[PDB]
Amino acid sequence: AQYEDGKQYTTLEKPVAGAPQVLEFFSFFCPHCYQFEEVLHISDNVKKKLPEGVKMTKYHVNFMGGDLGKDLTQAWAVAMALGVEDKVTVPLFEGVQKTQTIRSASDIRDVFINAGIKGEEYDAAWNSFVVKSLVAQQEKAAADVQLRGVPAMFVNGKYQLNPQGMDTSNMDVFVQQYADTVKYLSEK
């Protein structure tokens, strides 16, 4: 077949009931994630090919970068609660991997301030139970799939993308193969 289990994707032994349709995991410490966001724009090209009625979810993980890793998962909860993902993703990636100006929670906070979220608004979010539950959701979803590596994408809680088995000679071709694979899996 043209799409083979074990080739462009793998099947979960232990399928995850009720999971989001397209579920993506990343870390601001993760170098392929930087690439996926800044150079390849994976999330975006997947969206552009997904059917109608299919929502896309993206979660941060704790297992990279120790304490800062966890702060970042809480900051991403804040970003999701306020709907400001599109305004903080690039500066968080660049602050962590390019400029190395993010070394503490206060430095994470600065990124939001500079992006125009009000201090007051950020700190209230940071400390809110709605954000605590959003952190729990991120952790649970990673836990439900035994996640030890990022970037990762799961379709309908049963299929996991396998980019290792795709040509990387041309970046554009890679992205389309990736998005086309998500679409195929979505229709499965």
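Values below: all heavy atoms of this structure, side chains included; hydrogens, waters and symmetry mates excluded. One-based numbering along the sequence shown.
Considering CG of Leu92 and CZ of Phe112, their distance stands at 5.5 Å, rounded to 0.5 Å. With rounding to the nearest 0.5 angstrom, the CZ atom of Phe93 is 10.0 Å from the CD atom of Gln35. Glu187 CD to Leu50 CG: the interatomic distance, rounded to the nearest 0.5 Å, is 9.5 Å. For the atom pair OG (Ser27) and CH2 (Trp76), the distance works out to 11.5 Å, reported to the nearest 0.5 Å. Rounding to the nearest 0.5 Å places OG1 of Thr89 at 11.0 Å from CD of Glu94. In this structure, CD in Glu37 is found 8.5 Å from CG in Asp44, a value given to the nearest 0.5 Å.
Linking ILVMFWY side-chain heavy atoms closer than 4.5 Å, directly or via other members, places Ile117 and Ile102 in a single hydrophobic cluster. No path of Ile, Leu, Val, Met, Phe, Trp and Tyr side chains, each step under 4.5 Å between heavy atoms, connects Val145 with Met153, placing them in separate hydrophobic clusters. With hydrophobic clusters built from ILVMFWY side chains whose heavy atoms lie under 4.5 angstrom apart, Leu82 shares a cluster with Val88. Clustering ILVMFWY residues whenever any of their side-chain heavy atoms sit less than 4.5 angstrom apart, transitively, puts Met171 in the very cluster that holds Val182. Both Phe154 and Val61 are part of a single hydrophobic cluster, where members link through side-chain heavy atoms under 4.5 Å apart.
Between the side chain of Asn156 and the main chain of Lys158, no donor-acceptor pair closer than 3.5 Å is present. Here the side chain of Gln21 pairs a donor or acceptor atom with the backbone of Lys55 at under 3.5 angstrom. In this structure, the side chain of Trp126 does not engage the main chain of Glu121 through any donor-acceptor pair within 3.5 Å. Not one N or O on the side chain of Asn114 forms a donor-acceptor pair closer than 3.5 Å with the backbone of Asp110.
Ring-centre distance between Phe26 and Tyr34: not below the 6.0 Å cut-off.
Of all the heavy atoms in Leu134 and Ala77, the pair that sits closest is CD2-O, 3.2 Å. Here the closest heavy-atom approach between residue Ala141 and residue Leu23 is recorded as CB-CD2, 4.1 Å. Contact between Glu85 and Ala79 at its shortest, heavy atoms only, is OE1-O, 3.5 Å. What you find for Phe174 and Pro163 is that their closest heavy atoms are CZ-CB, 3.7 Å. Smallest separation of non-hydrogen atoms from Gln97 and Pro31: OE1-CA, 3.3 Å. Closest of all the heavy-atom pairs between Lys7 and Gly165 is CE-O, 3.2 Å.
In the displayed structure, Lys48 atom NZ is contacted under 6.0 Å by more than 12 heavy atoms of other residues, nucleotides or ligands. For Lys87, the NZ atom is loosely surrounded, since the number of other residues' heavy atoms within 6.0 Å does not exceed 12. By the neighbour-count criterion of 12 heavy atoms within 6.0 Å, atom CD of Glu4 is densely surrounded, having more than that number from other residues, nucleotides or ligands. In this structure, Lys188 places its NZ atom where more than 12 heavy-atom neighbours from other residues, nucleotides or ligands lie under 6.0 Å away. For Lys132, the NZ atom sits in a packed shell: over 12 heavy atoms of surrounding residues, nucleotides or ligands are nearer than 6.0 Å. Environment of CG in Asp67: sparse, with no more than 12 heavy atoms of neighbouring residues, nucleotides or ligands closer than 6.0 Å.
In this structure, a donor-acceptor pair under 3.5 Å is present between the side chains of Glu24 and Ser43.
At least one side-chain heavy atom of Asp5 sits under 4.5 Å from a side-chain heavy atom of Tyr9. Side chains of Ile108 and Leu68 form a contact here, defined as non-hydrogen atoms less than 4.5 Å apart. Looking at heavy atoms from C-beta onward, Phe63 lies out of side-chain contact with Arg148 at the 4.5 angstrom threshold. Taking the side chain as every heavy atom from C-beta outward, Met166 and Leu161 approach each other to under 4.5 Å. Side-chain contact check for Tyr159 versus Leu12: every heavy-atom pair is 4.5 Å or farther apart. The shortest side-chain heavy-atom distance between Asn162 and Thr181 does not fall under the 4.5 Å cut-off. Between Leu40 and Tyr178, every side-chain heavy-atom pair lies at or beyond the 4.5 Å cut-off. When side chains are defined from C-beta on, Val175 does not count as touching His41, because their heavy atoms never get closer than 4.5 Å.
Taking the charged nitrogens against the carboxylate oxygens, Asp144 and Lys14 have no contact shorter than 4.0 Å, which rules out a salt bridge.
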Checklist entry - Going through the checks in order, is the side chain to side chain donor-acceptor pair (under 3.5 Å) test met by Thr101 and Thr99? => result CA-CA 5 Å; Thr101 47; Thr99 57; 3.0 Å; yes
Item to check | side chain to side chain contact (heavy atoms under 4.5 Å, CB included) assessment of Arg109 paired with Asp123 | outcome: CA-CA 8 Å; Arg109 177 177 187 279; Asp123 301 334; 2.7 Å; yes
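Evaluated for a side-chain hydrogen bond (donor to acceptor under 3.5 Å, both in side chains) with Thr73, the options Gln138, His60, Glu139 yield exactly one hit, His60.
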